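# Report on the structure
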Amino acid sequence: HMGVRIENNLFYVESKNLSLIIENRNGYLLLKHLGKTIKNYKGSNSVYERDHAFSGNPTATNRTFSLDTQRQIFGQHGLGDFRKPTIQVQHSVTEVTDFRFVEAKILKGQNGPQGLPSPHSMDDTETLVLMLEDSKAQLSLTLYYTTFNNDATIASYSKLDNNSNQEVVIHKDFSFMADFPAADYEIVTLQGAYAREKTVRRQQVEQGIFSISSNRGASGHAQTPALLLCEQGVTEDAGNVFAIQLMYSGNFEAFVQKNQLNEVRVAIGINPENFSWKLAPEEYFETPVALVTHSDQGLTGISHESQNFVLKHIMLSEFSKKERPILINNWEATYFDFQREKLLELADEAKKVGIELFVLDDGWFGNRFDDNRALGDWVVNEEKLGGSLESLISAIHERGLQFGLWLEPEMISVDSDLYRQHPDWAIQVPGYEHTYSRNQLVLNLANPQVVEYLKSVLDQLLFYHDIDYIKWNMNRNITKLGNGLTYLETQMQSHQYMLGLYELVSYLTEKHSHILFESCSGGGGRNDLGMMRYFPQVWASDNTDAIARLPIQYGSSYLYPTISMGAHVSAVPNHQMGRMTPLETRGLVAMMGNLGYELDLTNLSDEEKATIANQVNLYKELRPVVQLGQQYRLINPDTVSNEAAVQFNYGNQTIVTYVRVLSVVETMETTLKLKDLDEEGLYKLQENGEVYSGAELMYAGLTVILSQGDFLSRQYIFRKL
Amino acid sequence: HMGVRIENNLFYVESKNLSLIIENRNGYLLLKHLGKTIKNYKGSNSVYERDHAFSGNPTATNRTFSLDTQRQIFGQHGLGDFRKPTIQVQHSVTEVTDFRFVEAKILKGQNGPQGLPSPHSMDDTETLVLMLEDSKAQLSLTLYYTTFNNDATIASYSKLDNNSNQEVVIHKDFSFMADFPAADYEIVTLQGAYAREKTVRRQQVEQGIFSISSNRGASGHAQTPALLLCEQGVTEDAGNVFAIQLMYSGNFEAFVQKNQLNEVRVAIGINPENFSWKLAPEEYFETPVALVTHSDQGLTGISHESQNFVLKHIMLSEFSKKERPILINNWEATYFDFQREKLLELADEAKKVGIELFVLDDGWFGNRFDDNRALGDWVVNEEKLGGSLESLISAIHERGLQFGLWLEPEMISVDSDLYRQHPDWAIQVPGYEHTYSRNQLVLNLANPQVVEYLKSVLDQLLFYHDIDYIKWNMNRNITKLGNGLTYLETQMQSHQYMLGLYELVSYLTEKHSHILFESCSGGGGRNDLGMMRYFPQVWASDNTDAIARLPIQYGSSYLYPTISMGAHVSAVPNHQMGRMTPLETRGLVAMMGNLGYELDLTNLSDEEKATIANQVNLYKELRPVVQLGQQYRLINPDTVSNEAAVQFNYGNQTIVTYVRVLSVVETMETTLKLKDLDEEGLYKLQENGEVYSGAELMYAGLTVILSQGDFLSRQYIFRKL
Amino acid sequence: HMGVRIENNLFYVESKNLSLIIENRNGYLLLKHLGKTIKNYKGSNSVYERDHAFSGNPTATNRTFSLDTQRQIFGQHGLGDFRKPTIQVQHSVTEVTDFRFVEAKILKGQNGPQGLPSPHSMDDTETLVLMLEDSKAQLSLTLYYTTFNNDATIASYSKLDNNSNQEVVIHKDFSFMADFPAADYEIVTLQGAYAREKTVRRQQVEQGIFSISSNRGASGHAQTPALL
Amino acid sequence: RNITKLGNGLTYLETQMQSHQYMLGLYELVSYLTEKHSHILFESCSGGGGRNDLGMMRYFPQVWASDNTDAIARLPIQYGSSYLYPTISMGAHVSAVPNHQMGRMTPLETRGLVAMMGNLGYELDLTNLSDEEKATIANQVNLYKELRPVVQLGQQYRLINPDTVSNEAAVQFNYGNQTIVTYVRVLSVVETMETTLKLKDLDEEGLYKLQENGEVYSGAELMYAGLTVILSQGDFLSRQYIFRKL
Ligand SMILES: OC[C@H]1O[C@H](OC[C@H]2O[C@H](O[C@]3(CO)O[C@H](CO)[C@@H](O)[C@@H]3O)[C@H](O)[C@@H](O)[C@@H]2O)[C@H](O)[C@@H](O)[C@H]1O
Ligand SMILES: OC[C@H]1O[C@H](OC[C@H]2O[C@H](O[C@]3(CO)O[C@H](CO)[C@@H](O)[C@@H]3O)[C@H](O)[C@@H](O)[C@@H]2O)[C@H](O)[C@@H](O)[C@H]1O
Ligand SMILES: OC[C@H]1O[C@H](OC[C@H]2O[C@H](O[C@]3(CO)O[C@H](CO)[C@@H](O)[C@@H]3O)[C@H](O)[C@@H](O)[C@@H]2O)[C@H](O)[C@@H](O)[C@H]1O
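Reading the values: the criteria
- Residues numbered from 1 in each chain as written, not as in the entry; some residues may be left out.
- Chains lettered and ligands numbered in written order.
- Part of a larger assembly, values for the part shown.
- Heavy atoms only, no water.
- Residues with missing side-chain atoms left out of burial classes, pairs and counts.
- Helix = DSSP H or I, 4+ residues; strand = E, 2+ residues; numbered from the N terminus.
- Rg over C-alpha atoms; globule rule 2.2 N^0.38 Å.
- Contact = heavy atoms within 4.5 Å.
- Pairing = 2+ DSSP bridges.
- Axes fitted to C-alpha atoms, helices over the stretch in contact; angles between N-to-C directions.
- Buried area = accessible area lost by both parts, 1.4 Å probe.
- Salt bridge = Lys/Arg side-chain N within 4 Å of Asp/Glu carboxyl O.
- Polar contact = N/O pair within 3.5 Å; in protein donor to acceptor, adjacent residues only side chain to side chain.
- Nonpolar A, V, L, I, M, F, W, Y, C, P; charged D, E, K, R; others polar.
- Near = heavy atom within 4 Å.
- Areas by Shrake-Rupley, 256 points an atom, 1.4 Å probe, with all protein chains shown as cover.
- Buried < 20%, exposed > 50% of the residue type's maximum accessible area, 1.4 Å probe, protein only.
- Domains from an automatic or database assignment.
- Least-squares fit on C-alpha atoms.
- Core = buried A, V, L, I, M, F, W, Y, C linked by side-chain atoms within 4.5 Å.

X-ray crystallography is the method the PDB entry states for this structure, with the resolution given as 2.0000 Å.

### Re the overall build of chain C
When helices and strands are tallied, chain C shows zero helices and 13 strands. Across chain C, helices and strands are ordered from the amino to the carboxyl terminus as β-β-β-β-β-β-β-β-β-β-β-β-β. Taking 2.2 N^0.38 as the reference for a compact globule, 228 residues should give roughly 17 Å; the C-alpha atoms of chain C span a radius of gyration of 19 Å, in line with that estimate. The dimensions of chain C, computed from C-alpha atoms along their principal axes, are 55 × 45 × 40 Å.

### Describing the overall build of chain A
A count of helical and extended segments in chain A gives 12 helices and 38 strands. Computed over C-alpha atoms, the radius of gyration of chain A comes to 27 Å, within 12% of the 27 Å expected from 2.2 N^0.38 for 721 residues, which places it in the range of a compact globule. Principal-axis analysis of the C-alpha atoms places the extent of chain A at approximately 85 × 70 × 45 Å. Here the contacts in chain A between residues at least 6 apart in sequence split such that 69% fall between residues at least 24 apart.

### Side note on the sheet that holds strand β4 (residues 119-123) of chain D
All names here are of chain D. Strand order in the open sheet formed by four strands is β1-β2-β3-β4, and the pairing between neighbours is parallel. The sheet is open, and its two borders are formed by β1 (43-44) and β4, each paired with just one other strand. Bridging between strand β3 (residues 90-95) and β4 involves five bridges; their strand directions are parallel. Within the sheet, the bridge partner assigned to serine 95 lies in β4 and is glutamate 123. The strands touched by helix α4 (residues 131-153) within the sheet are β3 and β4, with β4 carrying the most contacts at an inclination of about 155 degrees.

### Observations regarding the interface of chain B and chain A
The interface of chain B with chain A comprises 49 residues on the first partner and 49 residues on the second. Counting the surface lost from both chain B and chain A, the interface buries some 3800 Å², and carbon and sulfur atoms represent 51% of this. Summed over the shared surface of chain B and chain A, the number is four salt bridges. Between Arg50(A) and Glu669(B) there is a salt bridge, with the nearest N and O atoms lying 3.0 Å from each other. Viewed at the interface, chain A and chain B are joined by 30 residue pairs in polar contact. Contributing elements (two or more residues each) for the side of chain B that touches chain A: β36 (691-693), α12 (694-700) and β37 (702-703) of chain B. When residues in the side of chain B that touches chain A are grouped by element, the largest group, five residues, is from α12(B). Classifying every residue of the side of chain B that touches chain A by side-chain character gives 19 nonpolar, 18 polar and 12 charged.

### Observations regarding the site of ligand 3
Around ligand 3, the neighbouring residues are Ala53(A), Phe54(A), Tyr194(C), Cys45(D), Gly47(D), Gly48(D), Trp64(D), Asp67(D), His100(D) and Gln101(D). Of the chains in the model, those with residues near ligand 3 are chains A, C and D. Within the side chain of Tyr194(C), one N or O atom sits 3.1 Å away from an oxygen atom of ligand 3. Between ligand 3 and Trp64(D), the relevant distance is 3.4 Å, taken from an oxygen atom to a side-chain nitrogen or oxygen of the residue. In isolation ligand 3 exposes 650 Å². Once the protein is present, 41% of that is buried. The residue inventory of the shell around ligand 3, partitioned by class, reads five nonpolar, four polar and one charged.

### Brief notes about helix α2 (residues 74-81) of chain D
Burial of α2(D) is extensive: seven of the eight residues sit out of reach of the surface. Within the sequence span of α2(D), burial applies to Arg74(D), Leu75(D), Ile77(D), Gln78(D), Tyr79(D), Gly80(D) and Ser81(D).

### Considering the domain arrangement of chain A
Residues and elements named next belong to chain A. Per the domain assignment, the segments of chain A are domain 1 (1-304), domain 2 (305-626) and domain 3 (627-721). Distance between the C-alpha centres of domain 1 and domain 2: 34 Å. The interface is formed by 55 residues belonging to domain 1 together with 50 residues belonging to domain 2. At the boundary of domain 1 with domain 2, total buried surface from both sides reaches about 4500 Å², with 56% on carbon and sulfur atoms. A per-residue breakdown of the area domain 1 buries against domain 2 is headed by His120, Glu197 and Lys198, which together make up 14% of the total. Joining domain 1 to domain 2, the criterion identifies one salt bridge. The interface formed by domain 1 and domain 2 contains 37 residue pairs in polar contact.

### What to know about the relation of the copies chain B and chain A
Screw-axis analysis of chain B against chain A gives a translation of 0.0 Å along the axis, an RMSD of 0.0 Å, and a rotation angle of 180 degrees. Expressed as an axis order, the relation between the two copies is that of a two-fold axis. Across chain B, the rotation axis passes nearest the C-alpha of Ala238(B), at a separation of 3.3 Å. By residue overlap, the copies meet face to face through one surface: 100% of the interface positions of chain B are interface positions in chain A.

### Overview of the site of ligand 2
Residue and element names in this part refer to chain B. Near ligand 2 you find 17 residues, and of these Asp361, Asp362, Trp406, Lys471 and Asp542 are the closest. One of the side-chain N or O atoms of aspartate 361 is found 2.6 Å from an oxygen atom in ligand 2. Protein coverage of the free-state accessible area of ligand 2, which is 640 Å², stands at 76%. Per-class residue counts for the shell around ligand 2 are six nonpolar, six polar and five charged.

### Regarding the environment of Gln233(D)
Following the sequence through the fold, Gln233(D) ends up in the loop between β11 (227-228) and β12 (237-245). Here the alpha-carbon distance between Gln233(D) and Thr192(D), two residues 41 residues apart in the chain, equals 11 Å. With near-sequence residues (within four places) excluded, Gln233(D) lies in contact with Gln576(B), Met577(B), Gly578(B), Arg185(D), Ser188(D), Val189(D) and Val190(D). One polar contact links the side chain of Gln233(D) to the main-chain carbonyl oxygen of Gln576(B), over a distance of 3.0 Å. A distance of 3.0 Å separates a polar atom in the side chain of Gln233(D) from the backbone oxygen of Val189(D).

### Focus on the interface of chain A and chain C
Taken together, the 54 residues of chain A in the interface contact 48 residues of chain C. Surface buried jointly by chain A and chain C totals about 4200 Å² across both partners, of which 49% is contributed by carbon and sulfur atoms. The interface formed by chain A and chain C contains four salt bridges. Between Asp68(A) and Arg216(C) there is a salt bridge; the shortest N-O distance is 2.8 Å. Along the contact surface separating chain A from chain C lie 31 residue pairs in polar contact. Of all the elements in the fold, those that place two or more residues in the side of chain A that touches chain C are β11 (185-193), β12 (196-204), β13 (208-213) and α8 (487-511) of chain A. Among the elements that make up the side of chain A that touches chain C, the one with the highest residue count is β13(A) (five residues).

### Thoughts on the nonpolar core
In this structure, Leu29(B), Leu34(B), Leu130(B), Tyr145(B), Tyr597(B) and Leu601(B) are the most contacted members of the largest nonpolar core, which totals 177 residues. It is helix α8 (residues 487-511) of chain B that contributes the most residues to this core, eight residues altogether. Not counting residues up to four positions away in its chain, the partners in contact with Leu29(B) are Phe11(B), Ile22(B), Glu23(B), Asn24(B), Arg71(B), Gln72(B), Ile73(B), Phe74(B), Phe101(B), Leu130(B), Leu132(B) and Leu143(B). If you look at the next biggest cluster of nonpolar residues, it comprises 152 residues, including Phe252(A), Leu360(A), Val457(A) and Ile467(A).

### Topic: the pattern of salt bridges
Within the structure shown, the criterion is met by 93 salt bridges over all chains. Its salt-bridge partner being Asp371(A), residue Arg63(C) comes within 2.9 Å of it at the nearest N-O pair. Note that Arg63(C) is positioned in the loop between β4 (28-35) and β5 (87-90) and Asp371(A) in the loop between β22 (357-360) and α5 (389-398), a pairing that runs across two chains. What makes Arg63(C) buried here is its relative accessible area of 19%.

### Some points on the sheet that holds β12(D)
Residue and element names in this part refer to chain D. In spatial order, the strands read β5-β6-β7-β12-β9-β10; together these six strands make up an open sheet with antiparallel pairing. The sheet is open, and its two edges are formed by β5 (155-160) and β10 (216-218), each paired on a single side. On average, each strand axis in the sheet is tilted by 25 degrees relative to the strand beside it, whichever way the strands run. The sheet contact formed by strand β9 (residues 207-210) and β12 spans three bridges and is antiparallel. Residue pairing for β12: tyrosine 208 is matched across the bridge by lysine 245.

Below, the structure written as structure tokens:
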């Protein structure tokens, strides 16, 4: 039985196979258990209350009760707990608060912070509402924990109300925190860099503080809003994992602190850096939604739990189970140098190879002949497109292709009519020169006039044109914060920017819900669950190299479903890596993602065209298995591995893709075992027609054979009889 | 379905959840699969046949078939395979053989090598019989693989027949071998030293050869006949483990070889060192029984599989499920300095504290007043015992105690009547001085007159005395091999010694099957599955320190059931470690084994006597849980751990023992989670009366509380309601 | 030879067997070398200036110069460097500063911050004085680096002057910072607890941020002000 | 204790300044008193080592390294406390048994040798000791009066580090013609070969006379062959080697 229960001084938040059990101890909230379901909890793992030196107390005479030593669900500074705090509010002459539990209620169904991306499909949910007050400061803090009946995830956020008659300032306000008992732990995060997105990192939890954070105003290429606290020795197949993640796309922090007693705190939320929030009397602030997800089935267990929750409760219902079109994108194909003739020729060739959607990338607007001007000027360049966009779209439609279009709405070039008309719309500091990045500036989406302008321009574009797909790029990070009328308003503008972005994209995606929107940020610069609430796919990386894509895809699909993960077959030598790879390998690697194409089809040989047509035919078959099926990592492409292998199961279909990076010699063949088959099931391998029992494939495995050479790949295709 | 199947050129050896599948390829036997059950095996994991440089071939024209690269079940040298061989026979001018498969048959039921310890309770077994011949050398080699219907174990041994009319000499003859596919592996072994027996060692498999071996003529304190080849990253709870073990108590070797292709060979058997075996025409040689055991449930999985197989098919049925008596042994209590008065006083005190069995240790025979004489002279010292042994036994019986007695039959002192009468009965080399060890010599049990003498003397002792228990010690290793009439006979004497030992102990244990025989060798110097066939318990270590016993018990029960594992509460400061430990801890540590007592009860305070009486009462309750229940390691006492914890489940009873070695300060309490309970089960903790669900105990766990101090312990006792 | 030297656009801070060599590049201060003595430094280990994606620039047309990628001796936020900053001052509506090197001087002998514990026996020392200004905010930041003739140690601190006619607020102001070239590193710290003081901890440097800190108003039992 | 409840400012900003201003106040106070009374030896303390840093060591030339006075628990504490700070700073006291923090019996000899790797004092009720324990202490004091310059003024060399896995600690001090080495074993071991302990930073050709046996060893022998370290059976045993360079 799942949902929320209040039983004496215990609160039980009960999702599928995951419980959070909280005790009200005289107004203090104690984390008793987070993990697998326990009913009738007695307290076997209660903290032993001891006099711990230099750990102080709320009363004079009791040295054994200390907030420095109790396991909690939110952290304050100044009351004796010296671990990193997750709520800190300035009021009058202090930033000490003492929030005490006052009242609990339970909600059913849809529930979340206003103006921030939050779970959908919430009919079968309950939400625990923990109302806390600081009587002296006349502030309220309300904690929300929501259950899910179909996933081992709990969602959380808080609301802070100013009930005083002075201005108060929020300095810290995270979305989730948990104190875990002293034990050995490891952590997994996804970091990396541009063209190396979502690099999977694993390390031992050590005394002190480890953190990942973005202060770039976007979540960023080099860190994802996720932190996995793992049982020592976790594998792909076994051990406990708790994943904490944030549905937010701006500045964030995730941290793990191991204190002086070996206790462990984890939290995620809005980054304290670049953040303060003024609340006038009666005003309130709600945090973005955090998620805590659990598996006892190792890292593959947590992947599945996280992917399922995303598919069911984050990604738009309209698209979460809808096969995505195989596209052609002209970007690497032509860059800025194109016109109508070239576009339709490319469309002609895309149609012949069975591609479904044609995306017109950067360069169609203003005087955008390079990347040094025109952002902000969303006016069709009818000269370059050889007539109206409407006439181009009709042409593409008449050739049997859906039509897609690139935008970068959050940006403005100095050399643009927009900047000439409104220079104050850029993020900037009075009396400081701009900082430039790809020779462009960022629009101040904390300015409601900016948001209004973009809603108008884009609504016009989408209503007057028959566009099937949008690619929403964002190609620099935020510098020179100084647009506020006060310092405090500047401190608010980075979060207000996000609120502005979310108002904009929720509006357009809702008002044009037939359109498939793909998010982008020089690839995976903002590939997080805030964006995935509105954009059901994402351009995973500007790196389109088949081999460099291996670790990128590993990380990009670690917590997010494969269906989200844009992957394109591109030209050789590869533009980022300067590398030759087989077209077969480029194909098989992209087919582990959401397949498209990004190269000049008009310049290929007859043979290369035929190969591509075969790849398209193959993927039309594999697409449901890849996009709708269950993913199993078999060999992980890490820093030392020479191999990658990923399996997908979907009903009677099982496929396995294998890639070897460097050629080897006098090295015995790898044995590759499949996972999650029926032992007694019979599996017919397409290439040789041989029928193998599931037990054979899982416990004996495939001897993997390759010729001599770098970057070779193969695929095994099975049908269960 | 289990047993043996022959299907075209495949042989299937099918135990419970474990299969060995062998292919006959033109007379060569190939290991196709060893692991979880596969029916209808097709060969997904077949070796890819390739020209591998410097890997030669049985025919000129086919460079892709090589015994250097095929996975096999026995290894020869000289035919192109350069991995370590497991059969090597000298005949005429060569030690090249080429055994080729000729015929297979299947046996049902009881089956094993003559004169060597082998599995019992074999009604539900089948044995694959693979008959091989070398036509040129006129030798036969027959391989036996036996299934078990109730355990994931396969047993193996071989028989080598000389069908030629010349003498041949066996140089190498192992009992089991398997070639495993290139992959990452770790190995676990039990090594250590005297007073540090069965130290659990784990390491990475590396290119080259790793081995453990004894050349001491006994398996030895410092290595056990076991090797566990483990999946990379195996835990207590998860991953594949293959344990290979040997039912032999003499010289052995276990090895893992990683060859030039990354392939892995493992084998166990009689050590080539100190071994050669002459076969005259018509003569044959059978190897000791090896076992291969499998679990996919980590190291606890393999512990359970190994323990269960030992309990059901090795340890004597008469004792395998029989609670063992709590004993007093006088050895540490008095050493050699005792007489009748002291013995009966000790018996009186043992009776008052509820002890069940009184063991008279070394010093009762010949003129054994120290350890410098009298071994070999098994004549009762009626002066020291204050009358006949019969009169002592009656006295002990009348006090309500069973009676036990120490022997060391395999040994002879220079200063003895035995040595004065038969100096040639000692193992020795003509013209070399003795090598001494504890100032004694080893009897040559390869001499049938020695075996006859010991059968006679011991049969007399056991038939004319009402003895309930025997402790069979053996206190040195074998030096100065030179008793043969030829070099070859000397090379045979170490194995013949074992054959002599096994003839002796199988005879006496069978003829006096009511007696509980406990094996001993300065503690755990010969604690192997050869001995455990006849001796259902073993003195695990001369080290009786509660704390030093932690790693010893960990290893001693790793593959062997707890019931086998002698453990005694002894005096402080401890005689081996020079350490004070709490009597409570000595008690709780010994109670994780087969409990007895070894200290001078007559010299204890009234309080210490009362404590012991309480310990005895407690263990009378715990005994079935400990001896008959299922063992779960919760915290392992290794080189870095500061803790040990072991759980036992038996029906409605669950107990957990926890020990902390060094006192800690400002360190959060350990959280100890129980295993293998019913989630919905209700578990009443004896000490506080609180009722916890199995889910709570398994997923939240116990906060473990201790006072300040070294070597503290506690026990949790649960009853399932 | 030890002490401080100014040579064209290089500053050399030279203690016994330890040098800090700083380059003034158009007002930006670059850490060229920290480690064993080098005279006549040419720049073998200079940063290669490359267009690094999402690493922005103080001018529109030069994408290869970025404070996100240059090795520095103090860190600001808002000018394109996104690494953790060590100076951050609120003034008017912003906490963006842009301190630019203006002038260097050299002191001899005793020198240190007023009211804070600082080295003694300083007769054989020299101190590099790097005067930085943010003309817009009308703030000065002055960096001090002091040599020792008998020890491989350099001492550092800074002075921040408000030359504006409004109140300003310092939010961050660390005492030393160094950017080290990509390589494998380990760190040693002294942590522990009450009754377990100064426990020696060693670990691998990993992507992300590791920190020890006290917010107890004393340095504390569980962390020492040291990082190796 | 540590600081809680910050709110003494007339404004929020002044509260935000009070923690640093507190330190400025502390330093004004201690610089004043230590300067005005510079003959006095001031030892800093904070429930032991709660504030053992180089700010304090500017004014307080020694520090109470830890409230933990257990000889064995002191091993990792001293390792860290002298890692970057000189031994002379590092207060260490021989205390009573069972130890008040650890609840542990340790030999008085070991308590002595461990404290003598620091700045030695005593912290137990001397009036309640046996005649024998008093005599031992008098011998320890006599010994340290000799060792004090070597320990406090000499060069420290860690030979075996007491970490989480080590069962041993060993620290050497060189001072002119004097070299001492202290060795401690935590848990008793059995059937384990003796440790070989090599000394550091000696003259290869120098001749080193070991006090306990009178044997003369070259520096090369002590550095490259090393001492076989012998102990009886038992926990928390220690010994000291004392050398004079001839
Ligand atoms: O402008 C369209 C483009 O926007 C995003 O990528 C921006 C990316 O462009 C630049 O690099 C090149 C072309 O000069 O583009 C590819 C990467 O796609 C590179 O191999 C090549 O250097 C800039 O140099 C980068 O700073 C910048 O990140 C979007 O992600 C692309 O898909 C495309 O739509
Ligand atoms: O002789 C009876 C004795 O035999 C086995 O142990 C032999 C063991 O005895 C010696 O050591 C002492 C007594 O001198 O006995 C204990 C160990 O039990 C030691 O603490 C003490 O040194 C020899 O020194 C050893 O070489 C020898 O191994 C048997 O295992 C004992 O249970 C006991 O029956
Ligand atoms: O008050 C004098 C004391 O101050 C510092 O230590 C304070 C220490 O005292 C308490 O603990 C006890 C006595 O009750 O003292 C020893 C430690 O010295 C402990 O074994 C025992 O529990 C408090 O319980 C602690 O919170 C507190 O830290 C100073 O460091 C001492 O040298 C001494 O001067």
